[PDB]
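*Asks:* Enclosed are the sequence and the experimentally obtained structure.
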Amino acid sequence: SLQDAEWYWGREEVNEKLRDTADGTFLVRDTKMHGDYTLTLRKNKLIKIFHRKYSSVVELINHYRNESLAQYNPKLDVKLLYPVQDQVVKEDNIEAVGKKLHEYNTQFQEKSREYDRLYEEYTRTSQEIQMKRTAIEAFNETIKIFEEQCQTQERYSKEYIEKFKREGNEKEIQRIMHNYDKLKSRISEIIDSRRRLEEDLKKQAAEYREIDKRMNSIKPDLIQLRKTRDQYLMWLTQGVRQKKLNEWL
Amino acid sequence: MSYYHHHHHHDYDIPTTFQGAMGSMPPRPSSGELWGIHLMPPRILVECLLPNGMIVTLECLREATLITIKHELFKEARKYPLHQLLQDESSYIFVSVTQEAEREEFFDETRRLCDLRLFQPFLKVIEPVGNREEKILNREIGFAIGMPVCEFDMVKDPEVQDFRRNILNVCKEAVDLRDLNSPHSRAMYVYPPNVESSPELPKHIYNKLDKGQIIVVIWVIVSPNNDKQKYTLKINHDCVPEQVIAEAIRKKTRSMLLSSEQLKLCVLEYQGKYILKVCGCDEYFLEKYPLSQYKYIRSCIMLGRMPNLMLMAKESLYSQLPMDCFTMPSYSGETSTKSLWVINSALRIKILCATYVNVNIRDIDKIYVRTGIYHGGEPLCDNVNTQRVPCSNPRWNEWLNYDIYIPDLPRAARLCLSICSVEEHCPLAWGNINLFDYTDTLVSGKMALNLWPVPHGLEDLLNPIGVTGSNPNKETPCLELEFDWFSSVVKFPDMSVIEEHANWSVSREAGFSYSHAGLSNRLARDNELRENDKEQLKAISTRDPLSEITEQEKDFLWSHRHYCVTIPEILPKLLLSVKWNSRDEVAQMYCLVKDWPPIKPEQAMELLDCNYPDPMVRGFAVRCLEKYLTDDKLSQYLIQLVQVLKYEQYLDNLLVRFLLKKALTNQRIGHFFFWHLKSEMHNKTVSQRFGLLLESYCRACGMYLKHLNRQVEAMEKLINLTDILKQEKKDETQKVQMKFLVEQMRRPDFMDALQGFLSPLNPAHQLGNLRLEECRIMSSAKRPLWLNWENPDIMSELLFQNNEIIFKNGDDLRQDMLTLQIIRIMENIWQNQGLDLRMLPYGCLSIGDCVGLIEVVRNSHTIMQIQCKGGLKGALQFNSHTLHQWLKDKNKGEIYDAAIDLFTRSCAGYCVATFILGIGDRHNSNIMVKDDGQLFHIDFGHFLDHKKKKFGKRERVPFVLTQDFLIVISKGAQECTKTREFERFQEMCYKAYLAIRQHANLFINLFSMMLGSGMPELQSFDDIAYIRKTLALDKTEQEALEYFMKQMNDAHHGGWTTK
Ligand SMILES: COc1ccc(N)cc1F
């Protein structure tokens, strides 16, 4: 009973069992010339158990499952609420629990690639998007310089029509208007270049949302697929066979 | 079909279905010479907008200079109308919109059309606008940085502008040290002495000296240049450069027409005119250290070499130094307030709405905002809000109530929030804010927070280690919110106020009475404690950072806090035992830390990780560095100190001012300070911060800016070239690819850009002309470039006629970078503590997003090659002996005996490091042996056992010694396992393992400081916990040894005895 004790396992692998449990979840651990047992309550708060009384290790913990730890030490207004082999299809097979550990671990490892793929697509897309955004400010700036140019030429060219005029009246002004015509339909091209970027930007940001959307639907399954796979590996280690595991995994 | 039970997979298809098949090289993308095209066409048309308003397009060659183009433009503008409206071409300058969307005026008209980063191929002509042409060489700065400087000027944030103006304090203060004893101290900034930490010498180095003497060689030149004269000395190891310079002159100028005394007077006039160079690279011996203390000497001893120094005239040196010439830039708490300790209310925070949330309604049921206050760890019960308006348009208009009084908020307090899905608990996004601003002002009013996506390794809900601040990227969940406004901007208490409230809190404790259960808080011991406690406190002190402290031990520590001053090294543990949610305690802690005893830098660096965010603490930590941390020991740990900047709350802080100043005092620091900052500029967590800091550096670093601008330009050339090779020239033969490479590199823009410049791996080494015949693309799928340069030194011959270094686009170098750093630190730890294991921590430098440089080690081969070249006729099996046979073929005589010693010394070092760090499994193609017999590992992959993230108490052995290695270790004997040759080898490994076990605090902290960098292998502290098991820190060393012996026995299957 004191060796079994449910929560009594008997540092690093304690954290991974306390990882992602709620506020109040706990367990008890075992240098002996230091202290004896260690209550690891998550809020990870470590509380010593000295033995010289502790009447027993099980005696002290059942009291504080009912009652908080505030009266003992000021800033611990939290109880030992969650004292964490339940499901696992109850398979008392040993071999077939071992096969399921491969099955779920192939599914988990399959799922982690899909998650890793999409986190790259996401960040490439966040890059590709903002590259387009800057390009649009570049186009828009490019266009100002061309819009300024067709303006800049009108000031000087329509001075050089009126003054003189008769001196090559079309011989001059044809080849001034030709340049002006090339200038403005060039602007027409630049603008239609820019417009066409912005249509892609929304089509990119569309895909960007669709990546994130499926990341958030791959995540919750990935957490429980991992969590089920860990209890399937707990259930086994409750024959030792530390070395046999690796072929399944 | 009976293989598969006829069970089809309908979904599967192979009409191009992934980057599994031919699976390598994912860094993309980044655009090159023009918008949307990597490499501009060799003959291109460019619009030339004139002042008269005329557009003339003229075909230019891609590589044509602006002087060439202007000169032709004003010939071709004659044939267009309104020619009389143009001035002379000299009254004009080019400008255009660049790829960064700014309109860069092109002042340096020697630049080529391809090198301009033009976006659209067009140029506009204008008369030079700003009267200070000089002032608008922030292009230099913004080219070095990679974002244009003007981009800061239109930032609104008062902090950023306050950083930019205030940090100049440091820049001016640095330059003022440089031009103090010029030209000497300038030469000292440029060519700082490359020197070990210790003058004291290891016994194994000393024993190569025959009673403290080396044979040196001094070289000199006379007429015209090019004829050189040896002057081989035999000086004391611990004599200074000046003394070595005299001897060379003595022996140069002894003569049969010179009396003894006549020589002595010729020595004095000559002696002060020279200083010692290293032949073959820009290194020098510029101050009084023992020769042995300079790195070059100490390496020359180890490799069994005769140092080759040059006698260099000080004026031929002070020739080559320029004027650093600093220039202040264009850019040259208002009213009273209500102290935080006056505010008589709890904390509450109004969570309004998140907008841009992308979730499946079919998958997820309900979503909510989790929140919490933090200090690294949390000052209260973590609360949520209710699960209201699920998935579709989520809008809660709730005040969250946190059980903490506003006065008990610490200066370094931070709200860490996250939107989650529902036990289906699962984070969507996250983001944190500092509860105070950089001017100490408690944050009130309305705030909008653009969030960050959850990274790979995080299963947790909240992520408080993550960066404080909003996301720059707009298209992300913008969770906006409101903070309680108290009819006055609430500021944080002064230190003078905290001192008084502390000094009161003390005297108030002095009258608390007889019995106090939960003594924990206060001592009840008086001036006399018990000896058993004072023994227990040093036991706590010794325990590493990751051995978490109990609530008992915490309180025990916090009570005896005043005795804890006698054991300074406890401070990290003490600080973690403060109740930061009790200002009474925190006020008292500020008084201890104010005048706490300085501690050693390797212990004070713990205080700059994410578990110690308080300004007062981090101050003390930088105070520790300013005292002890030498310029040598700084650059050892520079990677860790740049990463630790991320955990500072504000731009403007004591650490940034420390590092910045050092970088401007020492150009070897500056050089790597630039490149680690520049490396991370792609990462939007820090783009803003590091740009600002890189501006500060670039503006104050003197002429090295112009050197860095060449290095930068040379890397960008290579980044394109490889990016072309990895996209369009994939699915080609090497033959075809290499024909493309050599074509490109011969063009003049490549010939200009890749030739005369400094290696970023070590700016001592110059890179001269490219030797293209020895330049080539490697066989790797990533298309790395094997690049080769002529060492243009005077004494190329004496050091290496060819420098050569690998450039690898598409592979994240910073994991390798760190392990190679850890190896370099393990080596120094062993060797400086007298035991000569020989690691080869080759050079590696990441310069960007999965782009970097790797030192070539000449004359070394993969075990695989050793076996390929030694494979006999018909392809049956490879011989175990061929390594041994190949090593003998290179080392014959007494040389053989020494080669095995080296092999066995390098095999023992690399076994222990590898096992401890848990680096990727070792095998034939990632292990390398050199002609002289030293072995070393390459391509480390994942350091702290990142493949345990699938399944994982594996405590793996990555270097497993096949027979091949043991044959070589024990000369040739059958059953190698049982010789004295191997007994030795084992005892090297045990002594090595115990050395790294007694320096475990350091290595923990190095990894702790690297959490900042988003390395998937370092996501949070229990990643770093692997190094505890592998070192066995919870056990006693006698068990630890046996643990290692055990761990080693089972991997090798027999051979590891009691001893
Ligand atoms: C000073 O030499 C130069 C080196 C590189 C570039 N881009 C321009 C230069 F004038």
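*Replies:* That came through fine. Numbers count the residues shown, from 1 in each chain, chains lettered A, B, ... in the order given.

*Asks:* hmm, who's touching stretch B:402-410?
*Replies:* B:340-341, B:343-349, B:371, B:373, B:375, B:379-381, B:383, B:435, B:442, B:490, B:580-583, B:586, B:614 (CB atoms under 8 Å, 6 or more residues apart in numbering or on different chains). Where C-beta positions appear, they are placed from N, C-alpha and C, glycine not excepted.

*Asks:* Got a PyMOL select line for the buried ones in those residues?
*Replies:* A single PyMOL command selects the buried members of those (16 or more other CB atoms under 10 Å in any protein chain shown):
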select buried, chain B and resi 340+341+343+347+349+371+373+375+379+380+383+435+442+490+580+581+582+583+586+614
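
*Asks:* In helices, which of the contacts of stretch B:402-410 fall?
*Replies:* If you go by DSSP state H, the contacts of stretch B:402-410 have B:583, B:586 in helices.

*Asks:* Against which helices or strands is the helix or strand hosting residue B:982 packed?
*Replies:* Under the criterion of DSSP states H and E, residue B:982 resides in helix B:980-998. Counting contacts by 3 or more CB pairs under 8 Å, 6 or more residues apart in numbering or on different chains; DSSP states H and E, helix B:980-998 packs against helix B:814-832, helix B:894-917, helix B:963-969, helix B:1037-1052.

*Asks:* Identify the residue spatially nearest to residue A:25, adjacent ones excluded.
*Replies:* Leaving aside its chain neighbours, residue A:25 sits nearest to residue A:82 (3.9 Å; criterion: CB to CB, 6 or more residues apart in numbering or on different chains).

*Asks:* Same check on residue A:204?
*Replies:* Using CB to CB, 6+ apart, the closest residue to residue A:204 is residue A:129 (5.3 Å).

*Asks:* For residue A:78, which three-state class applies?
*Replies:* At residue A:78 the chain is in coil, as set by DSSP: H, G, I helix; E, B strand; the rest coil.

*Asks:* Verify the contact between residue B:363 and residue A:215 for me.
*Replies:* No: under the criterion of CB atoms under 8 Å, residue B:363 is not in contact with residue A:215, lying 11.4 Å apart.

*Asks:* quick one: which of those two has more around it?
*Replies:* Higher neighbour count among residue B:363 and residue A:215: residue A:215, with 20 against 17, using other CB atoms under 10 Å in any protein chain shown.

*Asks:* wait, isn't that one in contact with residue A:120?
*Replies:* No: with contact taken as CB under 8 Å, residue A:215 and residue A:120 are classed as non-touching, separated by 11.1 Å.

*Asks:* Go through stretch A:22-33 and flag the buried ones.
*Replies:* In stretch A:22-33, counting by 16+ other CB under 10 Å, buried: A:24-29.

*Asks:* Touching that stretch from outside, list them.
*Replies:* Counting by CB under 8 Å, 6+ apart, A:5, A:7-11, A:14, A:17-18, A:36-43, A:49, A:57, A:61, A:78-84, B:381-382, B:1034, B:1036 sit against stretch A:22-33.

*Asks:* which among those residues end up buried?
*Replies:* Buried among these by 16+ other CB under 10 Å: A:5, A:7-8, A:11, A:14, A:17-18, A:37-43, A:49, A:57, A:61, A:78-83, B:382, B:1034.

*Asks:* in what helix or strand does the residue in chain A positioned nearest to the ligand lie?
*Replies:* The ligand sits closest to residue A:138 of chain A, with a gap of 21.9 Å, by CB to the nearest ligand atom. Secondary structure from DSSP H and E places residue A:138 in helix A:95-157.

*Asks:* Now find how far off-centre that helix is within its chain.
*Replies:* 16 Å (CA atoms, centre = their mean, to the nearest Å).

*Asks:* Equivalent analysis for stretch B:70-84, please.
*Replies:* With CA atoms, centre = their mean, you get 52 Å for stretch B:70-84.

*Asks:* Up against the ligand, what does chain B have?
*Replies:* Within chain B, the positions lying close to the ligand (CB under 6 Å from any ligand atom) are B:108, B:110, B:710, B:713.

*Asks:* which among those end up buried?
*Replies:* Counted by 16+ other CB under 10 Å, the residues of chain B next to the ligand give B:710, B:713 as buried.

*Asks:* restrict the residues of chain B next to the ligand to contacts with chain A.
*Replies:* Among these, no residue lies close to chain A (CB under 8 Å from any CB of the partner chain).

*Asks:* Once you drop chain neighbours, what's closest to residue B:1019?
*Replies:* Using CB to CB, 6+ apart, the closest residue to residue B:1019 is residue B:457 (3.3 Å).

*Asks:* For residue 237, give me phi and psi.
*Replies:* Here I'm looking at chain A. The phi/psi pair for residue A:237 (degrees, to the nearest 10) reads phi -60, psi -20.

*Asks:* my question was about chain B
*Replies:* Residue B:237 adopts backbone torsions of phi -60, psi -40, taken as degrees, to the nearest 10.

*Asks:* Which among the helices and strands packed on helix B:980-998 is found nearest to chain A?
*Replies:* With distances scored as CB to the nearest CB, the stretch of these nearest to chain A is helix B:1037-1052 (9.1 Å).

*Asks:* where do the strands sit along the stretch 651-800 of chain B?
*Replies:* Along the stretch 651-800 of chain B, counting by DSSP state E, counting those that start in this stretch, strands occupy B:757-758, B:766-767, B:776-777, B:785-790.

*Asks:* do chain A as well
*Replies:* For chain A, strands defined by DSSP state E occupy the ranges A:28-29, A:37-41, A:45-49.

*Asks:* what's the neighbour count on the residue of chain A closest to the ligand?
*Replies:* 23.

*Asks:* Contact partners for it?
*Replies:* Taking CB under 8 Å, 6+ apart, we find residue A:138 in contact with B:35, B:97-101, B:119-120.

*Asks:* From these, pick the one nearest the ligand.
*Replies:* residue B:98 (14.6 Å).

*Asks:* any idea how far that closest one is from chain A?
*Replies:* Computed as CB to the nearest CB, to the nearest Å, the residue B:98 to chain A distance reads 8 Å.

*Asks:* how many neighbours does that residue have?
*Replies:* 20.

*Asks:* what residue is smack in the middle of chain A?
*Replies:* residue A:119 (7.4 Å; CA atoms, centre = their mean).

*Asks:* Name the nearest residue to that residue, ignoring sequence neighbours.
*Replies:* Sequence neighbours aside, residue B:456 is the residue nearest to residue A:119 in space, at 6.5 Å (criterion: CB to CB, 6+ apart).

*Asks:* Between its first and last residues, what's the separation in stretch B:781-790?
*Replies:* Terminal residues of stretch B:781-790 lie 27 Å apart, using CA to CA, to the nearest Å.

*Asks:* Show me which parts of it are buried, residue by residue.
*Replies:* So for stretch B:781-790, counting by 16+ other CB under 10 Å, buried means B:782-785, B:787-790.

*Asks:* ditto for stretch B:445-459
*Replies:* B:447, B:449-454, B:457-459.

*Asks:* Could you export the residues you listed as a markdown table, including distance to residue B:473 and secondary structure?
*Replies:* Formatted as a markdown table, these follow (distance: CB to CB, whole Å; DSSP: H, G, I helix; E, B strand; the rest coil):
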| residue | distance to residue B:473 | secondary structure |
| --- | --- | --- |
| B:447 | 17 | strand |
| B:449 | 12 | strand |
| B:450 | 7 | strand |
| B:451 | 9 | coil |
| B:452 | 9 | strand |
| B:453 | 10 | strand |
| B:454 | 15 | coil |
| B:457 | 21 | coil |
| B:458 | 18 | coil |
| B:459 | 24 | coil |
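
*Asks:* thinking again about what came up before, who's in contact with the residue nearest to residue A:204?
*Replies:* Applying CB under 8 Å, 6+ apart, the residues near residue A:129 are A:201, A:204-205, A:208, B:475.

*Asks:* can I get the CA coordinates of stretch B:818-835 in PDB?
*Replies:* Output of stretch B:818-835 as PDB, limited to C-alpha atoms (Å, rounded to 0.1, in the frame of the first residue of the first chain):
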ATOM      1  CA  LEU B 818      26.600  26.100 -30.500                       C
ATOM      2  CA  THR B 819      27.900  22.500 -30.100                       C
ATOM      3  CA  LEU B 820      31.200  23.500 -31.800                       C
ATOM      4  CA  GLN B 821      31.200  26.400 -29.200                       C
ATOM      5  CA  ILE B 822      30.500  23.900 -26.400                       C
ATOM      6  CA  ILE B 823      33.300  21.600 -27.600                       C
ATOM      7  CA  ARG B 824      35.800  24.600 -27.700                       C
ATOM      8  CA  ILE B 825      34.800  25.400 -24.100                       C
ATOM      9  CA  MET B 826      35.100  21.700 -23.000                       C
ATOM     10  CA  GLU B 827      38.600  21.600 -24.600                       C
ATOM     11  CA  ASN B 828      39.800  24.700 -22.700                       C
ATOM     12  CA  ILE B 829      38.300  23.300 -19.500                       C
ATOM     13  CA  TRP B 830      40.200  20.000 -19.800                       C
ATOM     14  CA  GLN B 831      43.500  21.500 -21.100                       C
ATOM     15  CA  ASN B 832      43.800  24.500 -18.800                       C
ATOM     16  CA  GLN B 833      43.200  22.000 -16.000                       C
ATOM     17  CA  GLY B 834      46.100  19.900 -17.200                       C
ATOM     18  CA  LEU B 835      44.900  17.000 -19.500                       C
END
